[PDB]
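# Geometric and topological summary
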Amino acid sequence: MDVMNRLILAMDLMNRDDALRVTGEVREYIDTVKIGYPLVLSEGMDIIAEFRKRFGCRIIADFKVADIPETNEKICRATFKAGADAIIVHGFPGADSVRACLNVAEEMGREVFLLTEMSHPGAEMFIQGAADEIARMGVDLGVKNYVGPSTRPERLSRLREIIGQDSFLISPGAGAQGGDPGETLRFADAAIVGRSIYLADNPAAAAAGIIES
Amino acid sequence: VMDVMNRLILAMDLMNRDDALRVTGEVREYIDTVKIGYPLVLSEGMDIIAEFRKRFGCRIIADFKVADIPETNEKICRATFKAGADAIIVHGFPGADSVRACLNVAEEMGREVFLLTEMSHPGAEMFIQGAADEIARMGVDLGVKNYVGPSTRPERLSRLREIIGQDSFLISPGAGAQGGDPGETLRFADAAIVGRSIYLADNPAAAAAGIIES
Ligand SMILES: O=c1cc(O)n([C@@H]2O[C@H](COP(=O)(O)O)[C@@H](O)[C@H]2O)c(=O)[nH]1
Ligand SMILES: O=c1cc(O)n([C@@H]2O[C@H](COP(=O)(O)O)[C@@H](O)[C@H]2O)c(=O)[nH]1
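Residue positions are given from 1 per chain in written sequence order; they need not agree with the entry numbering, and residues without coordinates are hidden. Numbering of ligands from 1 and lettering of chains from A proceed in the order in which they are written. As a rule here, side-chain values cover all heavy atoms of the structure and leave hydrogens and water aside.

## Brief notes about the overall build of chain B
In plain terms, the rule: Only DSSP runs of H or I covering at least 4 residues are called helices, and only runs of E covering at least 2 are called strands; the numbering of each starts at the N terminus. A radius of gyration in this sense is built from C-alpha atoms; the matching globule rule multiplies 2.2 Å by the number of residues raised to 0.38. Only protein chains enter the accessibility calculation, which uses a 1.4 Å probe; a residue whose area is less than 20% of its type maximum is buried, one above 50% is exposed, and one in between is partly exposed. The contact criterion used throughout is that any non-hydrogen atoms of two residues lie within 4.5 Å. Note on areas: Shrake-Rupley, 1.4 Å probe, and residue coverage restricted to the protein chains presented here.
In terms of regular secondary structure, chain B is built from 10 helices and eight strands. Taken against the 2.2 N^0.38 rule, which gives 17 Å for 214 residues, the C-alpha radius of gyration of chain B at 16 Å falls within 12% of a compact globule. Across its three principal directions, the C-alpha atoms of chain B cover 40 × 35 × 30 Å. Relative to its 214 residues, chain B shows a buried fraction of 61%. Long-range pairs, those at least 24 residues apart, make up 68% of the contacts in chain B between residues at least 6 apart in sequence. Split by element, the accessible area of chain B, about 8,100 Å² in all, is 43% carbon and sulfur.

## What to know about the site of ligand 2
To keep it simple, the criterion reads: Proximity is defined per residue: if any heavy atom of the residue lies within 4 Å of a molecule or strand, that residue is considered near it. Pairs of N or O atoms are called polar contacts if they sit within 3.5 Å, as long as, within protein, a hydrogen donor faces a hydrogen acceptor (for residues adjacent in sequence, only side-chain-to-side-chain pairs). Each residue gets one of three labels, nonpolar for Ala, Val, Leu, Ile, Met, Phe, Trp, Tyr, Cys and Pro, charged for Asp, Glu, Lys and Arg, and polar for the others, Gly among them.
Around ligand 2 sit 17 residues, and of these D67 of chain A together with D13, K65, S120 and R196 of chain B come closest. This site is not confined to one chain, since residues near ligand 2 come from chains A and B. Contact between ligand 2 and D67 of chain A: an oxygen atom at 2.7 Å from a side-chain N or O atom of the residue. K35 of chain B is positioned with one of its side-chain polar atoms (N or O) 2.9 Å from an oxygen atom of ligand 2. Considered on its own, ligand 2 offers 490 Å² of accessible surface; in the complex 99% of this is hidden by protein. Of the residues that constitute the shell around ligand 2, the class distribution is six nonpolar, four polar and seven charged.

## Section: the side chain of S97 of chain A
With respect to the helices, strands and loops of the structure, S97 of chain A is situated in helix α5 (residues 95-108). Among residues more than four places away in sequence, those in contact with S97 of chain A are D67, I68, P69 and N72 of chain A together with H121 of chain B.

## Some remarks on the sheet that holds strand β8 (residues 191-194) of chain B
All names here are of chain B. Applied cut-off: Between any two strands, at least two bridges found by DSSP are needed for them to pair. Angles shown run from 0 to 180 degrees and are taken between the N-to-C directions of axes, each axis being a line fitted to C-alpha atoms and, for helices, limited to the stretch in contact.
As summarised here, the arrangement of the eight strands in space is β1-β2-β3-β4-β5-β6-β7-β8, forming a closed barrel in which the pairing is parallel. Going from strand to strand, the sheet's axes swing by 30 degrees on average, the running direction of each strand aside. In terms of strand pairing, strand β6 (residues 146-148) meets strand β7 (residues 169-172) through three bridges, oriented parallel. Pairing of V148 across the sheet is with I171, part of β7. Where helix α5 (residues 96-109) meets the sheet, it contacts β3 (59-66), β4 (87-91) and β5 (112-116), and its direction lies at approximately 160 degrees from that of β5. Strand contacts of helix α7 (residues 154-164): β6 and β7, with the helix running at about 165 degrees to β7, the strand carrying the most contacts.

Structure (structure tokens):
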């Protein structure tokens with residue numbers, strides 16, 4: 001995959017007008033946008049095709065898919081039908097749940113990103129202890145795209161070693177959650193940034209500043 | 001605690017409105033509580049929740065397996081309750097702060113959180129099962145009153161019940177298609193969730209009727 005400026009916008013605004021306007025403003029700086037459930041559940045899945053058509057951007061659907069295989073398949077199918085280029089899936093529910101997603105991505109010519117460890121404090125309770133094994137499970141299944149935490153650079157480093165130099169790694173937690181984009185890009189191929197941009201008085205200037213740093 | 005007709009909850013995972021509405025209507029004499037997940041909601045829109053409530057007067061549990069950071073979890077729950085969901089299902093594996101974020105919105109809006117503690121599919125054994133008892137205890141310690149556990153593992157279901165106590169409400173999927181037995185499940189769970197065994201049946205009402213008979 002090819003990503004402008006190693007910066008991915010997390011568009012978690014919950015009304016269409018704001019989300020489109022803000023994404024528009026930073027569109028000279030980004031060609032890849034992560035859209036999650038806050039926006040999709042508020043405005044409908046049709047919002048994905050709207051972003052793609054208005055901006056010509058790649059869309060990663062951050063749905064943290066975490067169900068049984070059968071339901072995971074349905075979720076991925078509906079999501080790819082709506083135009084998503086990729087979908088983010090949790091690894092914690094195990095290999096069968098991940099493979100169900102890989103199957104649909106294969107069928108429809110799209111991509112799965114495997115989420116291995118999360119960035120928030122609660123992640124240390126159960127996810128962190130499982131993270132290396134989750135990443136290894138992904139590698140062994142031919143997963144090529146991964147998500148790991150900006151907030152824990154040493155953890156981000158280990159993930160990189162596990163997945164190797166040929167895998168693609170994106171990383172949220174930069175900005176609002178305390179992660180540094182520069183430090184994050186020592187290990188990750190792109191940094192995901194949400195509030196620091198979309199809550200900014202001038203999102204273009206916020207994006208501009210991140211890129212300069 | 002809430003009240004559920006026939007200890008049977010319909011998992012409505014059909015992905016078009018027409019079919020989902022028709023099938024639900026036909027088993028409606030047997031059920032006042034319907035679980036709606038992302039297969040239907042992403043295909044037909046969140047407005048489908050209020051549609052079920054108005055057409056059938058049923059309770060709706062939004063099975064969204066919420067599994068994000070606290071800030072995002074809060075937004076997901078807000079959007080979901082705004083759309084009329086009576087309850088939302090949340091994963092416990094992302095930890096306590098992510099669960100509490102959901103509990104906060106549920107408190108605010110006067111709705112309910114169900115905590116998913118162990119899952120029913122084979123892959124659940126890789127990571128979730130090892131953590132399931134602690135996830136359940138985490139829920140209890142936070143005042144969670146509503147839980148989801150697996151029909152496919154009665155002995156695991158039995159352990160969950162011990163942890164959460166006799167006053168907690170426990171619902172359980174994996175009955176039917178995944179191999180769980182509704183009868184055995186209700187030794188420990190207050191209600192059994194059933195999807196395909198009903199909605200994929202030639203005669204949905206007959207299928208539901210048969211399950212209730214057993
Ligand atoms: O480990 C995780 C995985 C996520 O996808 N996310 C997500 O990435 C985004 C981060 O946004 P923000 O920059 O405002 O902190 C959100 O949309 C969020 O749900 C997270 O913050 N940490
Ligand atoms: O541990 C889990 C948790 C779930 O909510 N579910 C869900 O409950 C349902 C089961 O449907 P079915 O009876 O067709 O197997 C689905 O909607 C599914 O996503 C599961 O089967 N096992």
